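Data block below; observations after.
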Amino acid sequence: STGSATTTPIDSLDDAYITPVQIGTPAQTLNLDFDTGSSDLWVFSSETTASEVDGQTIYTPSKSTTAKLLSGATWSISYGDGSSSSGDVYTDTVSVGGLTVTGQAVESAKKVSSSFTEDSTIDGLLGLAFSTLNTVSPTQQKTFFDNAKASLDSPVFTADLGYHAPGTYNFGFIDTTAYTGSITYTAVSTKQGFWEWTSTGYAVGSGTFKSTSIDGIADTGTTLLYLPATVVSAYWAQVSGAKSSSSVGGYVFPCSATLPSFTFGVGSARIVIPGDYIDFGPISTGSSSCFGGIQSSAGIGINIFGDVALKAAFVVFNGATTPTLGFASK
């Protein structure tokens, strides 16, 4: 089997991407944030505290003839941005782009933190990291991909995120028309539950490539590119007037600037992030200070190849017995 679904930016900045997901019988379609940095499929629901729902579409398990309470199971998750959610668990039928899993754990939120409430466009998350990170207790549950894997034509999924445009998540096949050149595959460590790999270096604009190992995670659920402070300083030094602002929470730059590209290495291959992808717009409405899309990972404890980096590539998440990642230009 295979599946193929379009993923759409939630706003004009590509702050996140939503993908429609069918849950239950009859189908209830929710727009979920596919997150290769976490491993829980959780949704706003008829159980979510009413004051914490503000425009999201909810899953109502009592209206699904295939929903079953997973007795005694609870979940609770905290994300790197400080947001969180928790609740109980049903199993139900879940379909993505024509690919169906029966008995998928659907984590129903009883509580969500303010940032989730305040984002009416995201109805929940669909985790695509390794199932060892799933938070369901006392019986840990599998991700949608883990449950689908054995049925897929090939044990892979691909992320093809758009810049200010829709893109595609495919399951079970590699669309050879969706990228240019060849796909370069690179080793993955699953020791922390992430799609963790080592980039071979970077370049800023037209500058020379610096060969240096940068361990980090391929994380579709993180907006920006978080790299070591040395690398980030080297980037922003090429932008007149750019500075790190403690009050804003990162590097800002004059909105009048033209940003240089940023290249990262995948083995001997190179992925180029155009400068425009690194512009996240005014820090507040009407400001001429703009927020940068490359930020320091110092204090986060891990480097994160988030959407800014991944949207410059066609990315293969290879869930073979020994997982690997593939990157191609597009």
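For chain A, we keep the numbers from Swiss-Prot: what you see runs 90-419, in order.
So how was this one determined? The header says X-ray crystallography, 1.0 Å.
Just so it is clear, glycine is given a Cβ too, placed from its N, Cα and C backbone atoms.
Listed in Swiss-Prot:
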- 106-417: domain 'Peptidase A1' (DOMAIN)
- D124: active site (ACT_SITE)
- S288: active site (ACT_SITE)
- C344-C379: disulfide bond (DISULFID)
Roughly how many Å lie between the Cα atoms of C344 (disulfide bond) and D124 (active site), rounded to a whole value? 30
Would you mind listing, in sequence order, the residues at least six apart from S288 (active site) in the same chain with a Cβ closer than 8 Å to its Cβ? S302, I303, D304, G305, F353, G354, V355, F394
Counting every protein chain shown, other Cβ atoms within 10 Å of the Cβ of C344 (disulfide bond) number 14
What whole-number Å value do you get for the CA-CA distance of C379 (disulfide bond) and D124 (active site)? 26
Taking DSSP as the reference, which of helix, strand or coil describes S288 (active site)? strand
